[PDB]
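Report on the structure given below.
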Amino acid sequence: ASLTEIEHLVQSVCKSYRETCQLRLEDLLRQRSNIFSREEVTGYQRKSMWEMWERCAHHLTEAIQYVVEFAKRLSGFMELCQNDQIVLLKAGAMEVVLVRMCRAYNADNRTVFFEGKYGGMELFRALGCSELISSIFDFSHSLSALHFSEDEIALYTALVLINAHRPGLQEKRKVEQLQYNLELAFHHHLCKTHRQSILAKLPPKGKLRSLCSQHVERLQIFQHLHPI
Ligand SMILES: CC(C)(O)CNC(=O)C[C@H]1CN(S(=O)(=O)c2ccc(F)cc2)c2ccc(C(O)(C(F)(F)F)C(F)(F)F)cc2S1
């Protein structure tokens with residue numbers, strides 16, 4: 001593949017991400033000043049775990065839909081067989097949602113954008129998953145320190161999704177080729193933007209798979225979601 005074909009793959013993945021990012025980065029950074037009051041926080045803490053799970057399940061479903069629309073816009077992904085398209089999405093959609101979350105996370109005050117405003121992890125107290133919520137805040141904190149650009153997120157999440165090691169793949173060689181092309185695109189873009197430094201600072205593939213397992217496991221006990 002030529003240097004123009006790799007630059008086209010970068011451009012494309014970044015466009016596909018811009019078109020499916022849910023909220024613009026600009027709107028998220030602007031809304032950082034819009035923080036929940038102590039009474040609003042109290043309002044969430046008092047809700048039943050069932051009410052909180054119902055709400056969060058709806059927001060997670062809405063987030064997963066944007067991830068599905070992102071994968072569908074990656075020309076290579078659409079050429080794969082339905083067994084492989086299902087395997088990649090089921091194994092990677094939640095990992096992509098977890099990576100995308102760092103954009104709505106503010107490291108200054110350790111808050112997250114939730115239902116129109118920013119709030120801390122105490123907002124999620126009714127769920128009874130303090131360790132699971134802490135894990136999300138810690139992961140978003142370490143990813144936010146990198147100053148992850150929209151294009152870096154686009155290329156990195158395409159790689160989270162297009163992974164040939166996912167057990168259950170029929171056409172493994174087809175997935176390997178798509179993954180190899182995206183790695184070149186990712187490596188080339190980092191060189192062009194002088195952001196080679198972030199590669200070693202990114203989470204190991206295993207760290208992200210383990211985090212996601214915890215979240216999928218707790219999800220089972222509150223529905224039968226599209227990530228379940
Ligand atoms: C803002 C964008 C466009 O960049 C990205 N979109 C999002 O942030 C998607 C969120 C959707 N929600 S959420 O809004 O309810 C939420 C938001 C922040 C959190 F710290 C936790 C939940 C969700 C629900 C359960 C969960 C869980 O991980 C959680 F309950 F938090 F443990 C679960 F899967 F275990 F249930 C995750 C999310 S992530």
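By convention in this document, the chains of the structure tokens carry letters A, B, ... by their order, each chain's residues are numbered from 1, and ligands are numbered from 1 in the order they are shown.
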Shell of 6 Å around ligand 1 (only C-alpha atoms and all ligand atoms), written as a ChimeraX atom specification: /A:21-23,56-57,59-60,63,97,100-101,103-104,112,114,132-133,136,215-216,218-219
Prev. selection, N, CA and C atoms, output as a JSON list (two decimals), in the first residue's frame:
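Output file result.json is given in full below:
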```json
[["chain", "number", "residue", "atom", "x", "y", "z"],
["A", 21, "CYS", "N", -19.31, 10.38, 16.81],
["A", 21, "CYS", "CA", -18.71, 10.62, 18.15],
["A", 21, "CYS", "C", -19.72, 10.93, 19.31],
["A", 22, "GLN", "N", -21.05, 10.97, 19.05],
["A", 22, "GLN", "CA", -22.20, 11.24, 19.94],
["A", 22, "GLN", "C", -22.28, 12.74, 20.28],
["A", 23, "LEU", "N", -21.26, 13.26, 20.99],
["A", 23, "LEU", "CA", -21.16, 14.67, 21.37],
["A", 23, "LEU", "C", -19.84, 15.23, 20.86],
["A", 56, "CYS", "N", -28.88, 4.23, 33.30],
["A", 56, "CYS", "CA", -27.52, 3.96, 32.82],
["A", 56, "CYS", "C", -27.49, 2.97, 31.68],
["A", 57, "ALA", "N", -28.38, 1.95, 31.74],
["A", 57, "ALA", "CA", -28.58, 0.93, 30.68],
["A", 57, "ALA", "C", -29.03, 1.61, 29.39],
["A", 59, "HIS", "N", -28.45, 4.88, 28.58],
["A", 59, "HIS", "CA", -27.32, 5.68, 28.11],
["A", 59, "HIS", "C", -26.20, 4.84, 27.50],
["A", 60, "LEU", "N", -25.97, 3.63, 28.04],
["A", 60, "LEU", "CA", -24.97, 2.71, 27.52],
["A", 60, "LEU", "C", -25.44, 2.16, 26.16],
["A", 63, "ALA", "N", -24.90, 4.76, 23.56],
["A", 63, "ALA", "CA", -23.46, 4.87, 23.31],
["A", 63, "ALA", "C", -22.96, 3.75, 22.38],
["A", 97, "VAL", "N", -16.51, 2.03, 23.96],
["A", 97, "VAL", "CA", -17.31, 2.92, 24.81],
["A", 97, "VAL", "C", -16.45, 3.41, 25.99],
["A", 100, "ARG", "N", -13.85, 5.92, 24.59],
["A", 100, "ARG", "CA", -14.58, 7.15, 24.22],
["A", 100, "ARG", "C", -14.98, 8.03, 25.43],
["A", 101, "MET", "N", -15.22, 7.42, 26.61],
["A", 101, "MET", "CA", -15.60, 8.08, 27.87],
["A", 101, "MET", "C", -14.65, 9.14, 28.36],
["A", 103, "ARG", "N", -13.25, 11.56, 26.96],
["A", 103, "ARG", "CA", -13.57, 12.86, 26.36],
["A", 103, "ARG", "C", -14.54, 13.64, 27.23],
["A", 104, "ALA", "N", -15.46, 12.91, 27.92],
["A", 104, "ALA", "CA", -16.48, 13.46, 28.82],
["A", 104, "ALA", "C", -15.97, 13.49, 30.26],
["A", 112, "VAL", "N", -17.40, 13.63, 35.54],
["A", 112, "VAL", "CA", -17.77, 13.02, 34.27],
["A", 112, "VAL", "C", -19.05, 13.66, 33.79],
["A", 114, "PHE", "N", -22.62, 13.50, 32.74],
["A", 114, "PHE", "CA", -23.73, 12.57, 32.95],
["A", 114, "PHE", "C", -25.02, 13.35, 32.97],
["A", 132, "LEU", "N", -16.21, -0.71, 40.59],
["A", 132, "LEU", "CA", -16.49, -0.63, 39.16],
["A", 132, "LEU", "C", -16.47, 0.83, 38.67],
["A", 133, "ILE", "N", -17.12, 1.74, 39.41],
["A", 133, "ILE", "CA", -17.18, 3.18, 39.12],
["A", 133, "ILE", "C", -15.79, 3.82, 39.28],
["A", 136, "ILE", "N", -13.58, 3.06, 36.30],
["A", 136, "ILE", "CA", -13.95, 3.90, 35.16],
["A", 136, "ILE", "C", -13.29, 5.27, 35.30],
["A", 215, "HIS", "N", -17.38, -4.91, 33.92],
["A", 215, "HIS", "CA", -18.56, -4.12, 33.56],
["A", 215, "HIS", "C", -19.67, -4.92, 32.88],
["A", 216, "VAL", "N", -19.31, -5.90, 32.01],
["A", 216, "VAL", "CA", -20.26, -6.78, 31.32],
["A", 216, "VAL", "C", -20.93, -7.71, 32.35],
["A", 218, "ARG", "N", -21.38, -7.23, 35.74],
["A", 218, "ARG", "CA", -22.33, -6.50, 36.59],
["A", 218, "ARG", "C", -23.62, -6.13, 35.83],
["A", 219, "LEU", "N", -23.51, -5.92, 34.50],
["A", 219, "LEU", "CA", -24.59, -5.57, 33.59],
["A", 219, "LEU", "C", -25.69, -6.64, 33.52]]
```
Residues of range 114-218 of chain A in strand (DSSP E or B), written as a PyMOL selection string: chain A and resi 114+117-119
Could you save those same residues with C-alpha atoms as a short mmCIF file (atom, residue, chain, number, x, y, z; two decimals), in the first residue's frame?
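Output (selection-v9.cif):
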```cif
data_model
loop_
_atom_site.label_atom_id
_atom_site.label_comp_id
_atom_site.auth_asym_id
_atom_site.auth_seq_id
_atom_site.Cartn_x
_atom_site.Cartn_y
_atom_site.Cartn_z
CA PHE A 114 -23.73 12.57 32.95
CA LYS A 117 -23.94 18.12 33.70
CA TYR A 118 -20.64 17.07 35.33
CA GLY A 119 -20.53 15.07 38.61
#
```
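Among A:52, A:123, A:74, A:190, the residue with the shortest atom-to-atom distance to residue 159 in chain A, counting only C-alpha atoms, is A:74.
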Give the helix (DSSP H, G or I) residues of range 2-109 of chain A, as DSSP finds them on the backbone, and put them as a tab-separated table (two decimals) with N, CA, C and O atoms, in the first residue's frame.
```tsv
chain	number	residue	atom	x	y	z
A	3	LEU	N	1.81	5.50	0.29
A	3	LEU	CA	1.72	6.51	1.36
A	3	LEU	C	0.43	7.37	1.22
A	3	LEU	O	-0.01	7.96	2.20
A	4	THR	N	-0.16	7.40	0.01
A	4	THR	CA	-1.40	8.12	-0.26
A	4	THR	C	-2.61	7.26	0.13
A	4	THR	O	-3.62	7.80	0.56
A	5	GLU	N	-2.49	5.92	-0.04
A	5	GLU	CA	-3.53	4.96	0.35
A	5	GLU	C	-3.63	4.85	1.91
A	5	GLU	O	-4.72	4.65	2.43
A	6	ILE	N	-2.48	4.98	2.63
A	6	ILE	CA	-2.43	4.95	4.08
A	6	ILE	C	-3.00	6.27	4.64
A	6	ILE	O	-3.79	6.23	5.58
A	7	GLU	N	-2.64	7.42	4.02
A	7	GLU	CA	-3.15	8.74	4.39
A	7	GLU	C	-4.66	8.87	4.18
A	7	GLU	O	-5.31	9.58	4.96
A	8	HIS	N	-5.22	8.15	3.17
A	8	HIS	CA	-6.64	8.05	2.85
A	8	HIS	C	-7.36	7.24	3.92
A	8	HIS	O	-8.47	7.59	4.29
A	9	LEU	N	-6.74	6.12	4.39
A	9	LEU	CA	-7.26	5.28	5.49
A	9	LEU	C	-7.35	6.10	6.82
A	9	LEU	O	-8.38	6.07	7.46
A	10	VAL	N	-6.32	6.89	7.16
A	10	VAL	CA	-6.31	7.79	8.32
A	10	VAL	C	-7.51	8.75	8.21
A	10	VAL	O	-8.38	8.75	9.08
A	11	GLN	N	-7.56	9.54	7.10
A	11	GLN	CA	-8.59	10.54	6.77
A	11	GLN	C	-9.98	9.98	6.92
A	11	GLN	O	-10.81	10.60	7.58
A	12	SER	N	-10.21	8.81	6.33
A	12	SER	CA	-11.47	8.09	6.35
A	12	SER	C	-11.92	7.71	7.77
A	12	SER	O	-13.03	8.09	8.17
A	13	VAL	N	-11.08	6.96	8.54
A	13	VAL	CA	-11.34	6.53	9.93
A	13	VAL	C	-11.71	7.75	10.81
A	13	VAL	O	-12.64	7.68	11.60
A	14	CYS	N	-10.96	8.86	10.66
A	14	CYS	CA	-11.17	10.11	11.38
A	14	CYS	C	-12.51	10.78	11.05
A	14	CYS	O	-13.13	11.36	11.94
A	15	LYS	N	-12.94	10.69	9.77
A	15	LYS	CA	-14.21	11.22	9.30
A	15	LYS	C	-15.33	10.38	9.90
A	15	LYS	O	-16.26	10.95	10.48
A	16	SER	N	-15.22	9.03	9.79
A	16	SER	CA	-16.16	8.02	10.31
A	16	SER	C	-16.41	8.18	11.82
A	16	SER	O	-17.51	7.90	12.32
A	17	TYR	N	-15.36	8.60	12.54
A	17	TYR	CA	-15.39	8.85	13.96
A	17	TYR	C	-16.09	10.19	14.23
A	17	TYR	O	-16.92	10.27	15.14
A	18	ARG	N	-15.73	11.26	13.47
A	18	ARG	CA	-16.33	12.59	13.58
A	18	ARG	C	-17.86	12.51	13.39
A	18	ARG	O	-18.62	13.15	14.12
A	25	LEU	N	-16.38	17.24	20.88
A	25	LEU	CA	-15.41	17.51	21.94
A	25	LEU	C	-15.57	18.94	22.48
A	25	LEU	O	-15.58	19.14	23.69
A	26	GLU	N	-15.75	19.90	21.55
A	26	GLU	CA	-15.96	21.32	21.81
A	26	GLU	C	-17.13	21.53	22.80
A	26	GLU	O	-16.94	22.23	23.79
A	27	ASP	N	-18.29	20.88	22.56
A	27	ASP	CA	-19.47	20.95	23.43
A	27	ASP	C	-19.20	20.35	24.81
A	27	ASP	O	-19.66	20.90	25.81
A	28	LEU	N	-18.41	19.27	24.88
A	28	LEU	CA	-18.04	18.61	26.14
A	28	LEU	C	-17.12	19.49	26.99
A	28	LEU	O	-17.36	19.62	28.20
A	29	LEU	N	-16.09	20.09	26.37
A	29	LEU	CA	-15.14	20.96	27.06
A	29	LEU	C	-15.79	22.26	27.55
A	29	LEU	O	-15.41	22.77	28.59
A	30	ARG	N	-16.80	22.75	26.80
A	30	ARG	CA	-17.56	23.97	27.09
A	30	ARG	C	-18.42	23.78	28.34
A	30	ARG	O	-18.42	24.64	29.23
A	31	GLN	N	-19.11	22.62	28.41
A	31	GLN	CA	-20.01	22.21	29.49
A	31	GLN	C	-19.31	21.82	30.79
A	31	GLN	O	-20.00	21.50	31.75
A	32	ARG	N	-17.95	21.86	30.85
A	32	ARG	CA	-17.16	21.52	32.04
A	32	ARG	C	-17.49	22.39	33.27
A	32	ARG	O	-17.31	21.95	34.41
A	33	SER	N	-17.97	23.62	33.02
A	33	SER	CA	-18.34	24.60	34.05
A	33	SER	C	-19.73	24.29	34.64
A	33	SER	O	-20.08	24.79	35.71
A	38	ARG	N	-25.02	20.02	45.12
A	38	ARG	CA	-25.07	19.01	46.18
A	38	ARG	C	-26.45	18.36	46.28
A	38	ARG	O	-26.52	17.16	46.58
A	39	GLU	N	-27.54	19.12	45.98
A	39	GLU	CA	-28.93	18.67	46.02
A	39	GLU	C	-29.23	17.75	44.84
A	39	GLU	O	-30.02	16.80	44.98
A	40	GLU	N	-28.65	18.06	43.67
A	40	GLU	CA	-28.82	17.25	42.47
A	40	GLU	C	-28.11	15.91	42.65
A	40	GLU	O	-28.69	14.87	42.34
A	41	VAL	N	-26.91	15.92	43.24
A	41	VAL	CA	-26.11	14.73	43.58
A	41	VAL	C	-26.91	13.82	44.53
A	41	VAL	O	-27.06	12.62	44.26
A	42	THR	N	-27.49	14.44	45.60
A	42	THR	CA	-28.33	13.81	46.62
A	42	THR	C	-29.54	13.16	45.98
A	42	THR	O	-29.87	12.04	46.32
A	43	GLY	N	-30.13	13.85	45.00
A	43	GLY	CA	-31.25	13.36	44.21
A	43	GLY	C	-30.94	12.03	43.54
A	43	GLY	O	-31.75	11.11	43.61
A	44	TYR	N	-29.71	11.91	42.94
A	44	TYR	CA	-29.27	10.66	42.29
A	44	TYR	C	-28.95	9.56	43.29
A	44	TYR	O	-29.28	8.41	43.04
A	45	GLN	N	-28.27	9.92	44.40
A	45	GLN	CA	-27.88	8.97	45.46
A	45	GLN	C	-29.08	8.31	46.14
A	45	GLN	O	-28.97	7.16	46.59
A	46	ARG	N	-30.21	9.00	46.20
A	46	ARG	CA	-31.45	8.52	46.82
A	46	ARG	C	-32.25	7.57	45.95
A	46	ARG	O	-32.97	6.73	46.49
A	49	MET	N	-31.41	1.44	43.09
A	49	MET	CA	-30.38	0.85	42.22
A	49	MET	C	-31.04	0.47	40.87
A	49	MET	O	-30.41	0.65	39.84
A	50	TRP	N	-32.33	0.03	40.90
A	50	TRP	CA	-33.17	-0.34	39.75
A	50	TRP	C	-33.45	0.85	38.84
A	50	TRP	O	-33.40	0.70	37.64
A	51	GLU	N	-33.71	2.04	39.42
A	51	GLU	CA	-33.91	3.28	38.68
A	51	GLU	C	-32.58	3.73	38.06
A	51	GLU	O	-32.54	4.09	36.88
A	52	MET	N	-31.48	3.68	38.84
A	52	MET	CA	-30.16	4.05	38.32
A	52	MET	C	-29.69	3.10	37.22
A	52	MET	O	-29.19	3.58	36.21
A	53	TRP	N	-29.93	1.80	37.36
A	53	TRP	CA	-29.55	0.79	36.37
A	53	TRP	C	-30.32	0.95	35.09
A	53	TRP	O	-29.71	0.88	34.02
A	54	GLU	N	-31.61	1.25	35.19
A	54	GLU	CA	-32.51	1.48	34.06
A	54	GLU	C	-32.03	2.68	33.21
A	54	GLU	O	-31.97	2.58	31.99
A	55	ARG	N	-31.69	3.80	33.87
A	55	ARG	CA	-31.19	5.03	33.26
A	55	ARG	C	-29.85	4.80	32.57
A	55	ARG	O	-29.70	5.14	31.41
A	56	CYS	N	-28.88	4.23	33.30
A	56	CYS	CA	-27.52	3.96	32.82
A	56	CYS	C	-27.49	2.97	31.68
A	56	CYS	O	-26.72	3.17	30.73
A	57	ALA	N	-28.38	1.95	31.74
A	57	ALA	CA	-28.58	0.93	30.68
A	57	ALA	C	-29.03	1.61	29.39
A	57	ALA	O	-28.57	1.23	28.33
A	58	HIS	N	-29.92	2.60	29.49
A	58	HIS	CA	-30.40	3.37	28.35
A	58	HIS	C	-29.27	4.22	27.74
A	58	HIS	O	-29.13	4.25	26.52
A	59	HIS	N	-28.45	4.88	28.58
A	59	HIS	CA	-27.32	5.68	28.11
A	59	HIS	C	-26.20	4.84	27.50
A	59	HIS	O	-25.55	5.29	26.56
A	60	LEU	N	-25.97	3.63	28.04
A	60	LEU	CA	-24.97	2.71	27.52
A	60	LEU	C	-25.44	2.16	26.16
A	60	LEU	O	-24.63	2.10	25.22
A	61	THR	N	-26.74	1.81	26.05
A	61	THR	CA	-27.33	1.33	24.78
A	61	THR	C	-27.17	2.38	23.68
A	61	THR	O	-26.75	2.05	22.57
A	62	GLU	N	-27.48	3.64	24.00
A	62	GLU	CA	-27.35	4.80	23.11
A	62	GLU	C	-25.87	4.99	22.65
A	62	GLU	O	-25.62	5.27	21.48
A	63	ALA	N	-24.90	4.76	23.56
A	63	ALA	CA	-23.46	4.87	23.31
A	63	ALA	C	-22.96	3.75	22.38
A	63	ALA	O	-22.22	4.02	21.44
A	64	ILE	N	-23.39	2.50	22.63
A	64	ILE	CA	-23.07	1.30	21.84
A	64	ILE	C	-23.57	1.46	20.39
A	64	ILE	O	-22.88	1.06	19.45
A	65	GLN	N	-24.73	2.09	20.20
A	65	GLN	CA	-25.29	2.33	18.88
A	65	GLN	C	-24.37	3.19	18.00
A	65	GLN	O	-24.31	3.00	16.78
A	66	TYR	N	-23.69	4.17	18.62
A	66	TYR	CA	-22.75	5.07	17.94
A	66	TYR	C	-21.48	4.31	17.55
A	66	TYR	O	-20.98	4.53	16.45
A	67	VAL	N	-21.04	3.37	18.40
A	67	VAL	CA	-19.92	2.46	18.15
A	67	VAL	C	-20.24	1.54	16.96
A	67	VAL	O	-19.40	1.36	16.07
A	68	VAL	N	-21.47	1.00	16.90
A	68	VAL	CA	-21.92	0.13	15.80
A	68	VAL	C	-21.90	0.89	14.46
A	68	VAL	O	-21.40	0.37	13.46
A	69	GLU	N	-22.39	2.13	14.47
A	69	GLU	CA	-22.42	3.05	13.33
A	69	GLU	C	-20.99	3.43	12.88
A	69	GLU	O	-20.79	3.72	11.70
A	70	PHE	N	-20.02	3.45	13.82
A	70	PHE	CA	-18.61	3.74	13.56
A	70	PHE	C	-17.97	2.57	12.79
A	70	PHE	O	-17.34	2.81	11.76
A	71	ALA	N	-18.15	1.32	13.29
A	71	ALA	CA	-17.65	0.08	12.69
A	71	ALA	C	-18.22	-0.13	11.28
A	71	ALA	O	-17.48	-0.52	10.37
A	75	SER	N	-14.99	0.74	5.80
A	75	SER	CA	-15.16	-0.01	4.53
A	75	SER	C	-14.73	-1.49	4.58
A	75	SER	O	-15.40	-2.34	3.98
A	76	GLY	N	-13.64	-1.79	5.30
A	76	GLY	CA	-13.14	-3.15	5.46
A	76	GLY	C	-14.05	-4.04	6.27
A	76	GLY	O	-14.21	-5.23	5.95
A	77	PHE	N	-14.63	-3.48	7.36
A	77	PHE	CA	-15.54	-4.15	8.30
A	77	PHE	C	-16.81	-4.65	7.61
A	77	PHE	O	-17.31	-5.73	7.94
A	78	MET	N	-17.36	-3.86	6.69
A	78	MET	CA	-18.56	-4.22	5.94
A	78	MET	C	-18.36	-5.41	4.99
A	78	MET	O	-19.33	-6.10	4.68
A	82	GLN	N	-20.87	-11.96	8.58
A	82	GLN	CA	-21.72	-11.64	9.73
A	82	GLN	C	-21.28	-12.31	11.04
A	82	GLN	O	-21.44	-11.68	12.10
A	83	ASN	N	-20.71	-13.53	11.00
A	83	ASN	CA	-20.21	-14.19	12.22
A	83	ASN	C	-19.04	-13.38	12.82
A	83	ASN	O	-18.96	-13.24	14.04
A	84	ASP	N	-18.13	-12.89	11.94
A	84	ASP	CA	-16.96	-12.10	12.31
A	84	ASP	C	-17.35	-10.67	12.71
A	84	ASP	O	-16.79	-10.15	13.66
A	85	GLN	N	-18.33	-10.06	11.99
A	85	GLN	CA	-18.85	-8.72	12.28
A	85	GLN	C	-19.47	-8.67	13.68
A	85	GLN	O	-19.32	-7.66	14.37
A	86	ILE	N	-20.16	-9.78	14.08
A	86	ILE	CA	-20.80	-9.97	15.37
A	86	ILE	C	-19.77	-10.21	16.46
A	86	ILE	O	-19.89	-9.61	17.53
A	87	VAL	N	-18.76	-11.07	16.20
A	87	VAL	CA	-17.67	-11.41	17.13
A	87	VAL	C	-16.87	-10.16	17.55
A	87	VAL	O	-16.61	-9.97	18.74
A	88	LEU	N	-16.51	-9.30	16.57
A	88	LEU	CA	-15.71	-8.09	16.78
A	88	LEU	C	-16.48	-7.06	17.60
A	88	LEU	O	-15.93	-6.55	18.57
A	89	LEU	N	-17.74	-6.78	17.22
A	89	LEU	CA	-18.61	-5.85	17.94
A	89	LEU	C	-18.92	-6.31	19.36
A	89	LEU	O	-18.74	-5.52	20.28
A	90	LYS	N	-19.29	-7.58	19.56
A	90	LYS	CA	-19.59	-8.11	20.90
A	90	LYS	C	-18.38	-8.09	21.81
A	90	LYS	O	-18.53	-7.87	23.00
A	91	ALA	N	-17.20	-8.29	21.27
A	91	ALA	CA	-15.98	-8.30	22.06
A	91	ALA	C	-15.36	-6.91	22.26
A	91	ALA	O	-14.67	-6.69	23.24
A	92	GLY	N	-15.61	-5.99	21.32
A	92	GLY	CA	-15.00	-4.66	21.34
A	92	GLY	C	-15.85	-3.42	21.53
A	92	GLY	O	-15.28	-2.38	21.86
A	93	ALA	N	-17.18	-3.49	21.33
A	93	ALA	CA	-18.06	-2.32	21.50
A	93	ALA	C	-17.96	-1.63	22.89
A	93	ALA	O	-17.84	-0.40	22.94
A	94	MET	N	-17.91	-2.42	23.98
A	94	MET	CA	-17.80	-1.93	25.36
A	94	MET	C	-16.43	-1.35	25.63
A	94	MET	O	-16.31	-0.35	26.36
A	95	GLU	N	-15.39	-1.97	25.08
A	95	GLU	CA	-14.01	-1.47	25.20
A	95	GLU	C	-13.90	-0.11	24.48
A	95	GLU	O	-13.32	0.81	25.02
A	96	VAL	N	-14.55	0.04	23.32
A	96	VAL	CA	-14.58	1.31	22.56
A	96	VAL	C	-15.35	2.39	23.35
A	96	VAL	O	-14.84	3.50	23.48
A	97	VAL	N	-16.51	2.03	23.96
A	97	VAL	CA	-17.31	2.92	24.81
A	97	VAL	C	-16.45	3.41	25.99
A	97	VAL	O	-16.44	4.61	26.26
A	98	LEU	N	-15.71	2.50	26.65
A	98	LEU	CA	-14.82	2.85	27.77
A	98	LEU	C	-13.70	3.83	27.35
A	98	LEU	O	-13.43	4.79	28.08
A	99	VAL	N	-13.10	3.62	26.16
A	99	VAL	CA	-12.07	4.53	25.63
A	99	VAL	C	-12.69	5.91	25.30
A	99	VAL	O	-12.16	6.93	25.74
A	100	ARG	N	-13.85	5.92	24.59
A	100	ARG	CA	-14.58	7.15	24.22
A	100	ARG	C	-14.98	8.03	25.43
A	100	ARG	O	-15.07	9.25	25.26
A	101	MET	N	-15.22	7.42	26.61
A	101	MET	CA	-15.60	8.08	27.87
A	101	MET	C	-14.65	9.14	28.36
A	101	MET	O	-15.11	10.06	29.02
A	102	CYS	N	-13.33	8.99	28.09
A	102	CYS	CA	-12.30	9.92	28.55
A	102	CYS	C	-12.52	11.38	28.08
A	102	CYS	O	-12.05	12.30	28.75
A	103	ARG	N	-13.25	11.56	26.96
A	103	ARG	CA	-13.57	12.86	26.36
A	103	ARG	C	-14.54	13.64	27.23
A	103	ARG	O	-14.47	14.88	27.26
A	104	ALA	N	-15.46	12.91	27.92
A	104	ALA	CA	-16.48	13.46	28.82
A	104	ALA	C	-15.97	13.49	30.26
A	104	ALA	O	-16.75	13.76	31.18
```
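Taking CA of residue 212 in chain A as the reference point, CA of residue 116 in chain A is found at 24.7 Å.
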Which of A:121, A:79, A:127, A:146 sits closest to residue 200 in chain A [using only C-alpha atoms]: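 Checking each of A:121, A:79, A:127, A:146 against residue 200 in chain A, counting only C-alpha atoms, the winner is A:146.
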Computed interatomic separation between CA of residue 36 in chain A and CA of residue 125 in chain A (Å):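 Spanning CA of residue 36 in chain A to CA of residue 125 in chain A is a straight-line distance of 14.7 Å.
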Atom pair CA of residue 176 in chain A / CA of residue 207 in chain A: separation (Å):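 The value is 21.1 Å.
Excluding residue 202 in chain A and any residue on its chain fewer than 5 positions from it, the residues at most 10 Å away by only C-alpha atoms are residues 142, 143, 146, 148, 156 and 197 of chain A.
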Selection near residue 120 in chain A, 8 Å with only C-alpha atoms, sequence-local residues under 5 positions removed, as JSON, numbers by chain: {"A": [109, 110, 111, 112]}
Residue selection dump (C-alpha atoms) as a PDB file, in the first residue's frame:
```pdb
ATOM      1  CA  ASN A 109     -12.233  18.120  39.476  1.00  0.00           C
ATOM      2  CA  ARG A 110     -12.487  14.299  38.827  1.00  0.00           C
ATOM      3  CA  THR A 111     -15.994  14.645  37.251  1.00  0.00           C
ATOM      4  CA  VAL A 112     -17.773  13.019  34.267  1.00  0.00           C
TER       5      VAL A 112
END
```
Nearest-residue call for residue 129 in chain A, choices A:1, A:164, A:221, A:178, using only C-alpha atoms: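 Looking at the shortest contact to residue 129 in chain A, the residue is A:221.
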Minimum-distance residue to residue 147 in chain A, chosen among A:174, A:188, A:201, A:165 (using only C-alpha atoms): A:201
Residue nearest residue 48 in chain A among A:81, A:171, A:124, A:20 (counting only C-alpha atoms):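 Among A:81, A:171, A:124, A:20, it is A:124 that comes nearest to residue 48 in chain A.
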Selected residue of minimal separation from residue 189 in chain A among A:152, A:108, A:115, A:131, counting only C-alpha atoms: A:152
